[PDB]
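Q: Below is data13.cif; it holds mmCIF, C-alpha atoms.
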data_upload
loop_
_atom_site.group_PDB
_atom_site.id
_atom_site.type_symbol
_atom_site.label_atom_id
_atom_site.label_comp_id
_atom_site.auth_asym_id
_atom_site.auth_seq_id
_atom_site.Cartn_x
_atom_site.Cartn_y
_atom_site.Cartn_z
ATOM 1 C CA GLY A 1 130.012 152.539 413.573
ATOM 2 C CA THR A 2 129.039 154.779 410.689
ATOM 3 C CA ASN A 3 126.132 157.110 409.910
ATOM 4 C CA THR A 4 125.006 158.602 406.624
ATOM 5 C CA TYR A 5 122.913 161.575 407.639
ATOM 6 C CA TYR A 6 121.312 163.007 404.533
ATOM 7 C CA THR A 7 119.602 166.312 403.800
ATOM 8 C CA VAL A 8 116.242 165.671 402.232
ATOM 9 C CA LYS A 9 116.439 166.379 398.511
ATOM 10 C CA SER A 10 113.843 166.082 395.724
ATOM 11 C CA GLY A 11 111.785 163.299 397.215
ATOM 12 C CA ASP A 12 110.647 165.349 400.226
ATOM 13 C CA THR A 13 108.363 162.609 401.490
ATOM 14 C CA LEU A 14 109.466 159.791 403.762
ATOM 15 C CA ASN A 15 108.244 156.924 401.601
ATOM 16 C CA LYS A 16 109.696 158.602 398.501
ATOM 17 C CA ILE A 17 113.226 159.054 399.854
ATOM 18 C CA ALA A 18 113.206 155.783 401.782
ATOM 19 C CA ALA A 19 112.527 153.776 398.645
ATOM 20 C CA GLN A 20 114.754 156.167 396.711
ATOM 21 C CA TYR A 21 118.016 155.234 398.470
ATOM 22 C CA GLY A 22 116.941 151.772 399.598
ATOM 23 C CA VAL A 23 116.023 151.982 403.268
ATOM 24 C CA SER A 24 112.901 150.800 405.040
ATOM 25 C CA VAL A 25 110.526 153.372 406.489
ATOM 26 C CA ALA A 26 110.829 151.509 409.788
ATOM 27 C CA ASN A 27 114.602 151.728 410.358
ATOM 28 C CA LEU A 28 115.213 155.224 409.059
ATOM 29 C CA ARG A 29 112.329 156.354 411.271
ATOM 30 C CA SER A 30 113.926 154.472 414.177
ATOM 31 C CA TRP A 31 117.180 156.467 414.247
ATOM 32 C CA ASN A 32 115.391 159.742 413.410
ATOM 33 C CA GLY A 33 112.477 159.398 415.809
ATOM 34 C CA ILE A 34 110.019 160.454 413.126
ATOM 35 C CA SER A 35 106.341 159.599 413.117
ATOM 36 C CA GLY A 36 104.760 160.236 409.733
ATOM 37 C CA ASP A 37 105.913 162.013 406.577
ATOM 38 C CA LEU A 38 106.897 165.296 408.265
ATOM 39 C CA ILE A 39 109.858 165.709 405.945
ATOM 40 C CA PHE A 40 110.970 168.607 403.742
ATOM 41 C CA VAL A 41 113.940 169.569 401.561
ATOM 42 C CA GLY A 42 116.810 170.649 403.794
ATOM 43 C CA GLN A 43 115.748 168.487 406.724
ATOM 44 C CA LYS A 44 118.664 166.530 408.145
ATOM 45 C CA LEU A 45 117.684 162.888 408.497
ATOM 46 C CA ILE A 46 119.903 159.962 409.480
ATOM 47 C CA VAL A 47 120.179 156.964 407.182
ATOM 48 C CA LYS A 48 122.668 154.154 407.816
ATOM 49 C CA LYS A 49 122.339 150.493 406.869
ATOM 50 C CA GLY A 50 124.647 147.508 407.189
ATOM 51 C CA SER A 51 124.131 146.383 410.767
#
Can I see the file as structure tokens?

A:
Amino acid sequence: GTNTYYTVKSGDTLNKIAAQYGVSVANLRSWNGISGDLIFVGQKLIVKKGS
């Protein structure tokens, strides 16, 4: 399909970025395999919604 993998920008915390670009903590965690808020600027995290 399609994937929008995004480098963590200002909003270094999972809940902050998740709500920032409109994705649930649950799904973006699901395709990243992340437990917790172990996120920092520069980290490459997947975010893709639609299906």

Q: For a test of reading the model, state the distance in Å between atom CA of residue 12 of chain A and atom CA of residue 24 of chain A, rounded to one decimal.

A: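 Computing it gives 15.5 Å between the two atoms.
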
Q: As a check of understanding, name the residues that the PyMOL selection byres ((chain A and resi 2) around 10) selects in the supplied structure, as a PyMOL selection string.

A: chain A and resi 1+3-5+47-51

Q: Just want the 12 Å neighbourhood of residue 35 of chain A, counted on only C-alpha atoms, with same-chain residues fewer than 3 positions away dropped. Output as a PyMOL selection string.

A: chain A and resi 14-15+25-32+38-39

Q: So the first atom is atom CA of residue 40 of chain A and the second is atom CA of residue 8 of chain A; what is the distance between them in Å, to one decimal place?

A: 6.2 Å

Q: Ranking A:23, A:11, A:18, A:6 by minimum distance to residue 43 of chain A and counting all atoms listed in the file, which one comes first?

A: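 Among the listed residues, A:6 lies closest to residue 43 of chain A.
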
Q: Save segment 5-36 of chain A from what I just supplied, as a short mmCIF file (atom, residue, chain, number, x, y, z; two decimals), in the first residue's frame, atoms limited to N, CA, C and O atoms.

A:
data_model
loop_
_atom_site.label_atom_id
_atom_site.label_comp_id
_atom_site.auth_asym_id
_atom_site.auth_seq_id
_atom_site.Cartn_x
_atom_site.Cartn_y
_atom_site.Cartn_z
N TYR A 5 6.57 7.20 6.68
CA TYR A 5 7.48 7.10 7.80
C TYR A 5 8.11 8.47 8.07
O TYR A 5 8.73 9.07 7.19
N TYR A 6 7.93 8.94 9.29
CA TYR A 6 8.22 10.31 9.65
C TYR A 6 9.32 10.39 10.71
O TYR A 6 9.34 9.60 11.65
N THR A 7 10.26 11.31 10.52
CA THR A 7 11.26 11.57 11.53
C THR A 7 10.70 12.47 12.60
O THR A 7 10.18 13.55 12.30
N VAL A 8 10.80 12.02 13.83
CA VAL A 8 10.23 12.74 14.95
C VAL A 8 10.79 14.16 15.03
O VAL A 8 11.99 14.38 15.13
N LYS A 9 9.88 15.11 14.95
CA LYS A 9 10.19 16.53 15.02
C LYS A 9 9.67 17.07 16.34
O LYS A 9 9.24 16.28 17.18
N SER A 10 9.78 18.39 16.55
CA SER A 10 9.27 19.02 17.77
C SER A 10 7.91 18.43 18.14
O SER A 10 6.92 18.58 17.42
N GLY A 11 7.89 17.75 19.28
CA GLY A 11 6.79 16.87 19.62
C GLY A 11 7.33 15.48 19.92
O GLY A 11 6.65 14.48 19.71
N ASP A 12 8.55 15.46 20.45
CA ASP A 12 9.37 14.25 20.65
C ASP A 12 8.70 13.12 21.41
O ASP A 12 9.30 12.07 21.62
N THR A 13 7.49 13.31 21.89
CA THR A 13 6.88 12.31 22.74
C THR A 13 5.71 11.69 22.01
O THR A 13 4.99 12.38 21.29
N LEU A 14 5.51 10.40 22.22
CA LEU A 14 4.61 9.61 21.39
C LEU A 14 3.20 10.18 21.37
O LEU A 14 2.61 10.35 20.30
N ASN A 15 2.68 10.51 22.53
CA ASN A 15 1.34 11.07 22.63
C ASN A 15 1.26 12.45 21.97
O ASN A 15 0.22 12.82 21.41
N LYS A 16 2.36 13.19 22.00
CA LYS A 16 2.40 14.53 21.44
C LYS A 16 2.35 14.50 19.92
O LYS A 16 1.55 15.21 19.30
N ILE A 17 3.17 13.65 19.31
CA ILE A 17 3.20 13.54 17.85
C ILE A 17 1.98 12.81 17.32
O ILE A 17 1.43 13.18 16.28
N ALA A 18 1.54 11.79 18.04
CA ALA A 18 0.38 11.01 17.63
C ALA A 18 -0.84 11.90 17.46
O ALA A 18 -1.50 11.88 16.42
N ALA A 19 -1.11 12.71 18.47
CA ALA A 19 -2.23 13.63 18.42
C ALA A 19 -1.93 14.79 17.48
O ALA A 19 -2.84 15.44 16.97
N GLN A 20 -0.65 15.04 17.26
CA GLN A 20 -0.22 16.15 16.41
C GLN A 20 -0.62 15.93 14.95
O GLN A 20 -1.18 16.82 14.32
N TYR A 21 -0.35 14.74 14.41
CA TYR A 21 -0.70 14.47 13.01
C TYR A 21 -1.88 13.52 12.87
O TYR A 21 -2.16 13.02 11.78
N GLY A 22 -2.60 13.28 13.97
CA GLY A 22 -3.89 12.61 13.88
C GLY A 22 -3.81 11.10 13.71
O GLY A 22 -4.44 10.53 12.82
N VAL A 23 -3.02 10.45 14.55
CA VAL A 23 -2.97 9.00 14.57
C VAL A 23 -3.05 8.51 16.01
O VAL A 23 -2.54 9.15 16.93
N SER A 24 -3.72 7.39 16.21
CA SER A 24 -3.85 6.81 17.53
C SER A 24 -2.51 6.25 18.00
O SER A 24 -1.69 5.77 17.20
N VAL A 25 -2.29 6.32 19.30
CA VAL A 25 -1.10 5.74 19.91
C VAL A 25 -1.03 4.25 19.60
O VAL A 25 0.04 3.70 19.40
N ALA A 26 -2.20 3.61 19.51
CA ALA A 26 -2.26 2.17 19.33
C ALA A 26 -1.75 1.72 17.96
O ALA A 26 -0.91 0.82 17.87
N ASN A 27 -2.21 2.36 16.88
CA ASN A 27 -1.83 1.92 15.54
C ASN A 27 -0.42 2.32 15.17
O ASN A 27 0.31 1.51 14.60
N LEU A 28 0.00 3.53 15.53
CA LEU A 28 1.34 3.92 15.15
C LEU A 28 2.36 3.10 15.94
O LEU A 28 3.44 2.79 15.44
N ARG A 29 2.01 2.72 17.16
CA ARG A 29 2.82 1.78 17.93
C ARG A 29 2.85 0.41 17.26
O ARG A 29 3.87 -0.27 17.29
N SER A 30 1.74 0.02 16.65
CA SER A 30 1.60 -1.32 16.08
C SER A 30 2.58 -1.56 14.93
O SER A 30 3.21 -2.61 14.86
N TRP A 31 2.73 -0.59 14.03
CA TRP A 31 3.65 -0.77 12.91
C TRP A 31 5.08 -0.32 13.24
O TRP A 31 5.98 -0.46 12.42
N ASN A 32 5.29 0.21 14.44
CA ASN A 32 6.65 0.58 14.87
C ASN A 32 7.20 -0.41 15.90
O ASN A 32 8.41 -0.55 16.05
N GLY A 33 6.30 -1.11 16.58
CA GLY A 33 6.72 -2.04 17.61
C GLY A 33 7.28 -1.32 18.82
O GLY A 33 8.26 -1.76 19.43
N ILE A 34 6.67 -0.19 19.17
CA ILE A 34 7.15 0.62 20.27
C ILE A 34 6.27 0.48 21.50
O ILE A 34 5.04 0.60 21.43
N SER A 35 6.89 0.19 22.63
CA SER A 35 6.22 0.21 23.91
C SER A 35 6.68 1.41 24.73
O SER A 35 7.82 1.46 25.17
N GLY A 36 5.79 2.37 24.92
CA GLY A 36 6.12 3.53 25.72
C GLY A 36 6.41 4.76 24.88
O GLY A 36 6.15 4.77 23.68
#
